[PDB]
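So this first bit is one chain, no partners, the form deposited in one PDB entry, shown in structure tokens.
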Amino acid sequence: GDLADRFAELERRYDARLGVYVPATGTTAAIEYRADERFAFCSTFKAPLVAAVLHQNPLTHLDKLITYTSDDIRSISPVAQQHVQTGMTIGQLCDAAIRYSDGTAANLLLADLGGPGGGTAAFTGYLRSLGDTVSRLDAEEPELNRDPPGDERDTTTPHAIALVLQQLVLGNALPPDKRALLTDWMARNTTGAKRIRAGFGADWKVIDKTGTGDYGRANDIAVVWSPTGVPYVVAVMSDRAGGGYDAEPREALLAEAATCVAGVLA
């Protein structure tokens, strides 16, 4: 069989560009499809953003209260827009950024990293520290979802983001306590049920972070565990840029790509 052919078939069926990377393991070959092509992050960056904040702070920092105003709600923020009067702690922001893809939470965590560009330069530097020489964050939410096709701003590659996530969740980029917090937030994500999760049977554990954007962008980055406890990182990125900036993102493409991956990994 030819898995690349099957991924190409999905692209034709959905009128999409699909990128996949599943890193090789001691027991499995890599799966790679358009893995070194650029795709917009969209909200997938929020997982390594949380890691960046965890990395540079003691865990007591999760209790730091962050205050903000209604004027800070500039992007879709399901949690933050209900806590303008209370504020939210850094831990609550991490939780919201991952589990509800909260954009204000993400922007506040970017600001917590500090430096020029509201934290976007700092975040890119955190990726550089993980060996990622390609990815770049140039804008805050929501502008980071809106760059035109071909613009390298706010892009990663499936290969790069998969190896970032590998290091964060399965590797030693974070100490194991911080690692566990990231993993738990991703494990309780609320936004991913129709993406990679939908391609793996219920006996597989899936943790993930979605992203969605203009030009039909729909991404999901996950770590999955087999029914025997073997983990794999699965990065699936897509866009439908040929359809214009208002092309519909297609969750089902990601679910089907995931089902193809699940077929190989079973």
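Sequential numbering from 1, following the sequence displayed.
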Quick one: higher average CA temperature factor, 37 to 45 or 223 to 231? 223 to 231
Mean C-alpha B factor from the entry: is it higher for 111 to 119 or for 158 to 166? 111 to 119
Among 218, 53, 62, 30, single out the one with the highest C-alpha B factor in the record, please. 30
Highest Cα temperature factor in the entry, among the options 212, 57, 67, 238: which one is it? 67
If you rank every modelled residue in this chain by C-alpha B factor, which third holds residue 16: lowest, middle or highest? middle
Comparing residue 91 with the other modelled residues of its chain, is its CA B-factor in the lowest, middle or highest third? lowest
Position of residue 254 among the chain's modelled residues by C-alpha B-factor, lowest, middle or highest third: lowest
Split the chain's modelled residues into thirds by Cα B-factor; residue 140 lands in the highest
Within this chain's modelled residues, let me know which third the CA B factor of residue 195 belongs to: lowest, middle or highest. lowest
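The protein also exists as the form deposited with a small molecule bound; that form is not presented, and the subsequent description refers to it.
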Evaluate residue 238 for contact with the small molecule in the deposited bound form, applying a 4.5 angstroms cut-off between non-hydrogen atoms, and reply yes or no. no
Indicate whether the small molecule has at least one heavy atom within 4.5 Å of a heavy atom of residue 145 in the deposited bound form. yes
Given that the small molecule is not shown alongside this chain, does residue 170 nevertheless sit within 4.5 Å of it in the deposited bound form, heavy atom to heavy atom? no
Residue 75 versus the small molecule, in the deposited bound form: is there a non-hydrogen atom within 4.5 Å? yes
Picking from 132, 141, 154, 112, the single residue whose non-hydrogen atoms come within 4.5 angstroms of the small molecule in the deposited bound form is 141
Tell me, please, which stretch of 117 to 125, 175 to 183, 75 to 83, 162 to 170 lies within 4.5 angstroms of the small molecule in the deposited bound form when heavy atoms are compared? 75 to 83
